[PDB]
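Working notes, structure below.
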Amino acid sequence: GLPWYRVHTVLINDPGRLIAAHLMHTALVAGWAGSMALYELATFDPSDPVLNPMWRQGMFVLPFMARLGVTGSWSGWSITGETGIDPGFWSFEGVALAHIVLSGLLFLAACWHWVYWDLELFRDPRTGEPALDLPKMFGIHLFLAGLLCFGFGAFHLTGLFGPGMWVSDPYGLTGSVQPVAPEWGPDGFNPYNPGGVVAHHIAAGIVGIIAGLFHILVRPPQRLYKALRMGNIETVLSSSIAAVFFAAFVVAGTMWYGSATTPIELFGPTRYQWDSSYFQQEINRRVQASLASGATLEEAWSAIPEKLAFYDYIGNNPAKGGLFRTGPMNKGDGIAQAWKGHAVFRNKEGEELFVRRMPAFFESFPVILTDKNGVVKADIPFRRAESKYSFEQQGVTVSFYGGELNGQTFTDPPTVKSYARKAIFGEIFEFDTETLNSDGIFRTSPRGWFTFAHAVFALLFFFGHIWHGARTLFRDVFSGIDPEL
Amino acid sequence: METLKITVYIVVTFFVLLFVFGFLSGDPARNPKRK
Amino acid sequence: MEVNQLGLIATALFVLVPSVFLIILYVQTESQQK
Amino acid sequence: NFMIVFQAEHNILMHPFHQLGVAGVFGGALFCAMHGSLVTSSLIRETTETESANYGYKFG
Amino acid sequence: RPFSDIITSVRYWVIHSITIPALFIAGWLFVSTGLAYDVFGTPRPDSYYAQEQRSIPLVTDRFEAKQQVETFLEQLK
Amino acid sequence: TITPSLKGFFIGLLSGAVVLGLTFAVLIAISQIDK
Amino acid sequence: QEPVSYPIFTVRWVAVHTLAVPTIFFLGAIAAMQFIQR
Amino acid sequence: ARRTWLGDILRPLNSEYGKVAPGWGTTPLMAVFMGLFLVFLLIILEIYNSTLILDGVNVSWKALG
Amino acid sequence: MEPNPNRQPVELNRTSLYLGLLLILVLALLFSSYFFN
Amino acid sequence: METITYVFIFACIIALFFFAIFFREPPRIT
Amino acid sequence: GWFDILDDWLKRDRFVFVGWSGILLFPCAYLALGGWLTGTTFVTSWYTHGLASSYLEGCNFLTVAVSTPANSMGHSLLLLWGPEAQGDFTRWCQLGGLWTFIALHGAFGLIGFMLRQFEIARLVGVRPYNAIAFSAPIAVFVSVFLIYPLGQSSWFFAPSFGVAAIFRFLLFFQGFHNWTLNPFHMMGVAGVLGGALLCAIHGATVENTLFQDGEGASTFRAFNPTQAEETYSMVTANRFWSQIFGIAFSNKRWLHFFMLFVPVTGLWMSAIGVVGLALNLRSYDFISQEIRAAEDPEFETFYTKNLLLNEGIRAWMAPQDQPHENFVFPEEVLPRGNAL
Amino acid sequence: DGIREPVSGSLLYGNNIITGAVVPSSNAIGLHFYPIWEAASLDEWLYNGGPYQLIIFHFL
Ligand code: CLA
Ligand code: CLA
Ligand code: CLA
Ligand code: CLA
Ligand code: CLA
Ligand code: CLA
Ligand SMILES: CC(C)=CCC/C(C)=C/CC/C(C)=C/CC/C(C)=C/CC/C(C)=C/CC/C(C)=C/CC/C(C)=C/CC/C(C)=C/CC/C(C)=C/CC1=CC(=O)C(C)=C(C)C1=O
Ligand SMILES: CCCCCCCCCCCCCCCCCC(=O)OC[C@H](CO[C@@H]1O[C@H](CO)[C@H](O)[C@H](O)[C@H]1O)OC(=O)CCCCCCCCCCCCCCCCC
Ligand SMILES: CCCCCCCCCCCCCCCCCC(=O)OC[C@H](CO[C@@H]1O[C@H](CO)[C@H](O)[C@H](O)[C@H]1O)OC(=O)CCCCCCCCCCCCCCCCC
Ligand SMILES: CC1=C(/C=C/C(C)=C/C=C/C(C)=C/C=C/C=C(C)/C=C/C=C(C)/C=C/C2=C(C)CCCC2(C)C)C(C)(C)CCC1
Ligand SMILES: CC1=C(/C=C/C(C)=C/C=C/C(C)=C/C=C/C=C(C)/C=C/C=C(C)/C=C/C2=C(C)CCCC2(C)C)C(C)(C)CCC1
Ligand SMILES: [Fe+3]
């Protein structure tokens, strides 16, 4: 009889039972979604959004409904940070329970369809054995999808009945949900333009209606019908799988390089922003603009937002962490409390030094202090009686500008070393490691987990594709060959 | 620890002797053909 | 040092549920006939 | 640890003999895979499409 | 069809002993007149450095990459 | 306006199309000759 | 074997001649590199 | 089999399982959709990788509203 | 229910049982080192 | 805690060797 | 009409077959090979890394490569007609246009061969297991040469086509990711050595259970290509192996399927392993070990030696291996064994 | 290394499977034959990497 890897082949020739199995599977996917939402709503801390956001707490499904404009909680707190709201029915919980009810409806129907499998509808009105008219079905389903795609782009994203969608500013300091507006310009094909995403779901929407209509009206040529083994369901499987890992590779890429639909406020910064020093350049722009208009260093650096400095830190870089370091990013280096301020290291002579900041590649990088030209002035030497540039021999001091250590200077060598060896990580923060029992080793981002998983599944679905393509093209030459004897 | 040396030598010696006497004992006619 | 007690549960279920799956599959087909 | 200290102190990758050894393993693995595929793709029809193909051989 | 039929027919020799030395000489003269150095822009072993630029040439922008390398070749490095 | 990238891009599209057209025309002509 | 209604140059002709002229041109150039002083 | 109201409504939609269209048919019309769609995929890919530097389109994070 | 002739038993045997248990066990031994971390 | 899990898995693997050798399914010529 | 003519001129029997796959396979493969052969011969890498890697510069066959693009190119493909060389061939050679040229054209040559195998199998009338088996090297190729640089910041960290440049990749992977201590690589190594193990033993067993049908000592001349009667005693092989090792095959169909299964799965599991590194998720540590080596300084394991060695590999190879960062480390901050 | 730095290779002294090993014989012992009865005590036979020689001679 059947072995264990062909056991789900009692639904190839039987439609009724096939619908039932698909329905039961959809009920699981929906029940899991609802249950995951509930589970993440039991482990979210909403009081601190500036130094304890969603993407630091390892929330996977929470940003996906915040992307379309659900922000309410019946608790009367939002993720934007306003408190004392009311959203009506639609909160995070609302969607969460809605999925439980839908799972139940699909499970009941799945039971019905498993029991009442034999219908005249699946039988051929000529031969009287089960057949499905697959081109017709493709036509109807393309019609269904094009109509709903056109509806979503036309009524939801424009906020003409719906909420709109989440848009932000380039630095992810202010981010909200607003009605967005279409763009048919060439700029509609810039991924960093919201408008183009709206335009798409309308245009491709109607194109989906026309083709959906077309495929219902005409009948396929004989040549293709015989070529791509049409009337064999297992080729519909093979073609559909080719399409799935196309889509997967795209959402792994657009997530990893970021886009306007994965803002840096619902998934945190990308690595392509750390290595290009995206945030350090905005910080410098403001502080030089502040000093030129007149200001002192103390004033000027305390004018920097806590958000804009928090992104300028390697612990938000998803290229740090590892494959078996589990849990939130907070489990890695503690929940941030406050900003210590910008650190400026100086020599006894009177010159300003700059610390070379760590790359993503390394797991330990030497600590070096250079000056303007790029030549080394000081370092913390690995060797333990041989030194020329050590802090003790050079007299290094450290000064703080901005935050809670503002106006402070430290002049004894251990504290200067302590701040400098963690200055290679970027800006300096105060962390709390005693409330999630963090051990001080980085954890990767939800962005990074997303692209890791979808890449892996895409690489397997390629194998899936070439195997199911072979099964439909060598159907009649399997079970061994006639040895022509 | 001195007893240990002697009993290990005796064990080893016993096995190597079975081996040599075994190969003197009629081995080229133990084949299933031309015995 | 550290042992992770969710990691314990992780292996425990990993090695149980498929061994149990396989032992049931092997037992029901051998309990039938010719 | 052994491999890493071996490479540092003698540089085994630029030894031509180690290069023939990896060629033999890579080629050995390769000939195994293609031998497996060519023989299993030529098997005779004694089966059906609900029982595995391997019950075409009845032993010896 | 076997090489034996190819290794003997006079027309094979009357083309080949004429074309192949021209190709051999075309290939020889291509490196020996130093033309391979200009068409691939590979340095000669007296043009890797200059007496005002004693470090490695490195491209650091990708749309003026062209202009950057032309600058290094214009100053006789 | 027509940026320099657009001219290079249009040239690469036309030249790629030409390569594929001439190769398909070559196969059809040679196959059709020796029927 | 290569066709018997014989096109004037067959498919074997380009196969041997895309691998004939480059390697003759190349081992004449590689040989010239040997006599560069360096 | 079992006849039902809903099956009777939906019955004419799965009865044409045999039908094809003679000769090559519409296959030459499909071939340009292949086609210009692939050319379009090229265009949008080359915009994203900045190998087209269109005026008025600047691929950056500094383009958000 | 109503009889369906498409339904068929699953056949698992003693050698496949051994192979499967061996694979799950050596996989278990390899990955516990990382799960415990 | 960790050592027990390891040695239990090793113990299962050698018991499987014994069972797999001395209680196999007997291959027999037709 | 003309279509079925193009069909039967292609699908015809010849000394070497062409088919529909020929149209994709042959140009792409030939250009990729040809590119590598001119790149190893004339083309420099002095405007990119500060290396020489061609016969024209004076390098031997063990030290040449077609080297990667520069770091500043990002993930640009660097097209000849595009706005990074603007219709100019010399600069295009200098900036590393040949690496991407070769990589893309070889990527399509692989798809051509894959398709070619399917087509010849459909024609001859056998099952297509050889084409399913051939997806393992394409999995490895697109996981190591395409997905891994696309996860990083450039093509610069991808392996360059050449033998020594691959050796440098081995050391780089060991140094920065500790690649041997990741379980997917363990499984790949095992799968591949097991493939090699099965090869020697299967050959040795079949060749040493052959029947007498010849007259000479050599038995290579006792074979006719027909399958009418068996060519080795399978029963004897089983009886031998069940007694010296304990378990044996008693099913040829299964033996050959096991031979297909072991190395292809090995390579598939390793492909999952290198896409895991592309995000810099890398098995590099066991946290229990760090906290223990923190509280007790006279604890030692070989794993701690390996991490100190990884420090050595990185700190000493980084300067000339990442010139685009313009790293300068003093001679007093390099790691040293004798400073411990 | 014969300068009083032991190495732990045992699971019970806090190793998992990947890091564990039987740690080679001492640099001080050299190429000498080193069984249990050429040591003053079993304690120091184990201290000098005794079991390493004991596994490998029998195994080869
Ligand atoms: C019936 C109504 C309905 C509605 C309104 C929603 C709404 C939502 N669901 Mg739910 N869901 C439903 C049914 C529904 N769901 C069912 C039946 C299932 C079972 C499978 C699920 C399973 C499910 C899961 C697993 C999850 C959600 C989640 C969510 C949220 C996702 C928003 C988002 O970013 O999507 C993003 C979606 C996409 C980007 C998919 C796009 C797919 C494309 C591109 C395919 C195109 C194919 C087409 C044929 C090509 C031609 C088109 C033509 C026009 C030219 C949102 C609140 C998520 C969440 O966080 O929940 C708490 C989540 O993970 N839902
Ligand atoms: C004026 C109308 C209009 C407008 C403004 C848009 C706007 C847009 N469309 Mg759209 N579209 C329209 C009409 C329109 N569409 C119509 C009528 C159709 C036909 C149904 C389409 C079909 C279409 C498709 C199929 C796609 C878009 C995409 C996009 C976006 C492209 C820019 C971007 O974010 O790229 C982002 C990403 C890319 C440019 C990547 C493309 C990569 C491709 C071509 C190859 C991948 C190869 C491989 C599998 C990758 C892994 C390889 C591995 C070996 C490493 C943009 C928002 C894309 C999208 O939504 O991306 C999220 C997408 O996939 N459109
Ligand atoms: C990597 C190898 C590979 C292999 C061997 C196959 C094999 C197969 N595919 Mg498949 N496919 C692949 C990759 C592959 N595919 C990819 C990456 C996609 C995109 C997601 C698809 C999508 C696809 C679909 C949707 C379908 C198939 C089908 C088929 C089957 C028959 C048709 C066929 O051979 O088309 C193979 C065709 C190609 C490999 C395309 C070749 C493209 C060429 C000639 C030109 C490229 C344009 C230009 C010159 C270069 C652009 C470069 C760019 C980077 C700028 C067969 C089993 C059909 C099937 O399964 O029917 C049963 C079906 O429905 N394929
Ligand atoms: C996308 C949907 C999809 C669907 C509908 C099918 C359907 C089918 N596959 Mg299949 N397959 C898929 C994806 C899919 N596959 C993918 C992505 C791959 C590549 C990995 C394959 C590779 C594959 C092979 C190689 C084989 C099949 C076989 C089969 C057929 C036999 C019955 C079966 O499923 O056994 C039911 C199987 C079991 C009950 C045993 C499964 C035990 C495991 C491994 C379960 C693990 C569950 C998993 C971890 C849950 C997470 C899922 C995740 C994606 C979200 C059937 C037509 C077999 C076939 O065609 O037989 C002729 C066969 O040899 N499949
Ligand atoms: C992706 C492309 C690729 C290619 C083509 C090569 C090619 C090679 N590698 Mg490399 N390698 C690669 C990627 C690649 N490598 C990757 C990703 C890694 C892992 C990190 C390695 C790691 C690696 C190492 C460590 C070593 C090699 C070595 C070799 C040589 C091995 C020779 C041999 O017998 O191999 C086994 C292959 C066979 C037995 C196949 C047949 C070869 C012969 C007999 C025929 C050749 C025919 C023809 C010229 C080519 C085919 C044409 C076709 C149309 C049929 C060879 C030149 C070795 C080396 O450099 O030695 C100098 C060595 O030490 N490889
Ligand atoms: C069939 C084989 C084949 C294939 C698949 C490719 C594929 C490729 N080549 Mg290659 N090439 C080939 C043969 C081939 N080439 C030959 C024989 C030569 C010698 C002449 C070259 C020489 C060549 C060079 C020198 C280079 C490439 C490059 C490239 C890559 C860049 C994109 C490109 O040009 O796509 C090829 C195809 C197209 C761009 C377009 C096809 C368009 C079609 C199908 C229809 C057009 C319809 C219509 C007219 C559109 C109108 C639009 C309008 C209304 C707005 C790509 C992978 C470059 C590369 O690898 O860079 C890294 C590169 O440097 N090619
Ligand atoms: C205290 C202690 C002891 C602690 C334990 C220490 C220790 C290191 C334990 C090991 C655990 C460990 C870390 C494992 C890591 C790797 C692991 C989990 C790998 C499995 C996952 C894997 C790679 C999967 C994919 C690839 C795969 C299937 C690889 C398997 C490779 C492998 C070893 C294959 C078997 C090779 C083998 C020896 C075959 C012999 C076959 C045989 C009987 C042939 C004889 C024969 C030949 C004929 O020709 C004929 C005709 C007949 C008739 C016949 O019979
Ligand atoms: C845990 C692993 C077990 C594996 C089990 C299976 C495989 C092994 C099977 C065999 C196991 C038993 C082997 C035989 C062991 C013998 C006992 C033994 O070691 O005793 C000798 C041991 C040696 O005691 C050792 O002494 C050392 C200092 O020299 C150190 O202190 C060691 O730590 C201590 O072990 O002593 C005792 O057990 C106590 C004293 C016993 C006194 C009576 C002994 C017999 C007296 C008559 C014979 C004398 C022979 C020598 C003199 C000859 C004439 C000059
Ligand atoms: C959705 C999530 C929740 C799901 C529910 C809970 C989880 C469910 C998990 C189910 C997991 C099922 C896995 C079953 C594995 C069975 C394997 C099996 O049967 O194989 C044997 C099977 C069955 O083989 C066939 O069985 C048939 C029916 O009995 C017939 O007997 C056939 O003749 C026989 O060949 O072969 C295959 O399936 C082919 C693919 C190969 C499978 C692996 C082969 C074994 C390789 C051993 C490698 C050992 C490595 C040692 C490493 C040492 C390192 C030091
Ligand atoms: C009937 C009914 C009901 C109920 C319902 C419910 C209760 C639902 C839900 C439920 C639920 C509660 C669901 C869930 C599910 C879950 C799932 C579905 C899972 C899955 C999992 C998986 C599949 C995994 C995988 C994995 C692993 C394990 C590891 C690694 C990673 C991965 C991912 C691979 C009510 C009351 C309404 C009423 C009416 C009737
Ligand atoms: C880049 C490019 C291209 C292409 C080109 C080509 C395609 C080329 C080719 C080339 C070639 C195609 C070459 C070849 C060469 C060859 C060689 C290099 C050879 C070698 C040999 C040898 C070395 C030998 C050896 C031996 C043997 C083999 C056996 C035994 C004995 C002896 C050892 C002696 C084009 C134009 C499209 C575009 C532009 C760019
Ligand atoms: Fe064999």
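Note: ideal-geometry Cβ built from the backbone for every residue, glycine included; neighbour counts use all protein chains shown. Values in this text are rule-based calculations from the coordinates and carry no lab data.
What the table below lists for this structure:
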item: Rounded if a/c under 1.5, otherwise prolate or oblate - chain K, Cα gyration tensor axes; result: oblate
item: Chain L - convex hull of alpha carbons, volume per residue in Å³; result: 103
item: Part-to-part distance (alpha-carbon centres) for chain L and segment H:1-33, which is given in Å; result: 78
item: Degrees separating the helix A:413-422 axis from the principal Cα axis of chain A, which is the longest one; result: 20
item: Rounded, prolate or oblate (a/c below 1.5 giving rounded, otherwise prolate when a/b exceeds b/c) for chain D by Cα gyration tensor; result: prolate
item: GNM flexibility winner over chain L from L:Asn15, L:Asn48, L:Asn27 (Cα, springs under 10 Å); result: L:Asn15
item: Rounded tilt (10° steps) of A:15-41 against the dominant C-alpha axis of chain A; result: 20
item: Relative contact order for chain K, counting Cα pairs under 8 Å that sit 6 or more residues apart, in percent; result: 18
item: Computed [θ] at 222 nm, deg cm²/dmol, chain A (DSSP H ≥ 4; -39,500 (n - 2.57); rounded to nearest 500); result: -13500 deg cm²/dmol
item: Rounded to 10°, Cα long-axis angle of helix L:50-59 versus longest principal axis of chain L; result: 80
item: Cβ-derived FRET efficiency at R0 30 Å, E:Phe72 paired with A:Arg357, nearest 0.05; result: 0.55
item: At q = 0.04 Å⁻¹, base-10 log of I(q)/I(0) for the protein assembly as shown (Debye sum, equal scatterers on each alpha carbon); result: -0.30
item: Sites A:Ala109 and A:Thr83 - FRET efficiency at Förster radius 45 Å, r taken between beta-carbons, to 0.05; result: 0.65
item: Per-residue HN-Hα couplings for segment K:230-236 [Karplus 6.51, -1.76, 1.60; θ = phi - 60°; Hz; x = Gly/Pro]; result: 5, 10, 7, 7, 5, 5, 5
item: Separation of the K:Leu146 and D:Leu20 label points, Cα + 7 Å toward Cβ, nm; result: 3.7
item: Chain A: relative contact order in percent, alpha carbon pairs under 8 Å with at least 6 residues between; result: 16
item: Per-residue Cβ neighbour rank within 10 angstrom, fewest leading, I:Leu27, A:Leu485; result: A:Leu485, I:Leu27
item: Chain H, Rg to Rh (Cα coordinates; Rh as Kirkwood inverse mean 1/r); result: 1.37
item: Chain L: calculated mean residue ellipticity at 222 nm from DSSP helix runs of at least 4, using -39500 (n - 2.57); result: -7000 deg cm²/dmol
item: Two-site label geometry, J:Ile29 and F:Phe10: point separation in nm, points 7 Å out along Cα→Cβ; result: 8.1
item: Chain K - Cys residues lacking any other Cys C-beta under 4.7 Å; result: K:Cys28, K:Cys59, K:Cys93
item: Neighbour-count ranking [beta-carbon atoms within 10 angstrom, fewest first] of A:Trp90, K:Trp2; result: K:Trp2, A:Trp90
item: Inverse mean reciprocal Cα-Cα distance (Kirkwood Rh) of chain E, Å; result: 16.7
item: Estimated FRET transfer efficiency (A:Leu291, A:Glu404; beta-carbon r; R0 25 Å; 0.05); result: 0.70
item: Alpha-carbon centroid distance for the pair segment A:395-454 / chain I, whole angstrom; result: 48
item: Antiparallel bridge percentage (DSSP; both residues within the protein assembly as shown; nearest 5); result: 90
item: Positive minus negative residues near A:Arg219 (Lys, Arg vs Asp, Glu; Cβ under 14 Å); result: +2
item: Residue-wise HN-Hα coupling along segment E:55-67, computed from phi with Karplus coefficients 6.51, -1.76, 1.60 (Hz; x: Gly, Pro); result: 10, 6, x, 9, 7, 9, 9, 10, 10, 9, 4, 4, 5
item: Cα-projected label distance for J:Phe17 with E:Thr60, points at 7 Å along beta-carbon direction, nm; result: 6.2
item: Phi-based couplings in Hz for segment A:75-87 (Karplus 6.51, -1.76, 1.60; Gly and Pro marked x); result: 5, x, 9, 10, 7, 5, x, 8, 10, x, 7, 8, x
item: Estimated [θ] at 222 nm from DSSP helical runs (n ≥ 4, -39500 (n - 2.57)) normalised by residues in chain K, nearest 500; result: -18000 deg cm²/dmol
item: Sorted by Cβ density within 10 Å, fewest first, the residues A:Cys111, J:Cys12; result: A:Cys111, J:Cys12
item: Net charge over other residues, Cβ less than 13 angstrom from the Cβ of K:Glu290 (K, R count +1; D, E count -1); result: -4
item: Separation of alpha-carbon centers, segment K:257-308 and chain C, rounded to whole Å; result: 26
